[PDB]
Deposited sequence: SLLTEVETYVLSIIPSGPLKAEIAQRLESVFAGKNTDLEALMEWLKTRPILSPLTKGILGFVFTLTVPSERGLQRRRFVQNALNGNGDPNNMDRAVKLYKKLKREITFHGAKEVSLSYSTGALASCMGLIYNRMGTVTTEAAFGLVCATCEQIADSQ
């Protein structure tokens, strides 16, 4: 979480929105804000954020919806996603997961988040965080 965050914020364009998001990630994290629905509707209606970025945030929040499924979602990316997912099912640590994921393209990583978002419980939370981190990192690096 505390690692994840700075990686997540790095793909948010500058402005008061970044602060709103950091604020919301932290209060969810801390179990202070428990209203996922109010949160998801809030996120769904945010301007500025690319659909992919909304989907990634939606995933993170769900971790800590059609617009998320569609955002995360070509066949080449889907094939690679399955191959990454095979590995992540076998990942128990955050860094193990992160290091493996970084070897895949942004499209494969997004699609892989998509796979897991329809199959929560098929990879551990640490693994899911690792994937989020790698995805954000690749996005920021371009």
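Participant: Where the model has no C-alpha, note the corresponding stretch of the deposited sequence, numbering from 1.
Facilitator: Model skips 1-2, 67-75, 85-87, 157 of the deposited chain.
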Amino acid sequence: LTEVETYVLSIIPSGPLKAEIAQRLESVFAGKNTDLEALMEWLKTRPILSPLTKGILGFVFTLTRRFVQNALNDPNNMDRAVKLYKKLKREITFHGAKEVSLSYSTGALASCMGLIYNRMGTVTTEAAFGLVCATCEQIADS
From here on, numbers count along this sequence of modelled residues.
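Participant: Pick between 55-63 and 35-43: the one whose mean CA B-factor in the entry is higher.
Facilitator: It is 35-43.
Participant: With reference to the PDB entry, specify whether the mean Cα temperature factor is higher for 90-98 or for 26-34.
Facilitator: According to the entry, 26-34 carries the higher average C-alpha B-factor.
Participant: Per the entry, which of 130, 16, 121, 13 tops the list for Cα B factor?
Facilitator: In the PDB entry, the greatest C-alpha B-factor among 130, 16, 121, 13 is found at 121.
Participant: Of the three thirds of its chain by CA temperature factor, lowest, middle or highest, which one includes residue 103?
Facilitator: Lowest third.
Participant: Would you mind ranking residue 69 by its C-alpha B-factor against the rest of the chain and naming the third, lowest, middle or highest?
Facilitator: According to the entry, residue 69 has a C-alpha B-factor in the chain's middle third.
Participant: Residue 138: which third of its chain by C-alpha temperature factor?
Facilitator: Middle third - that is where residue 138 ends up once the chain's C-alpha B-factors are sorted.
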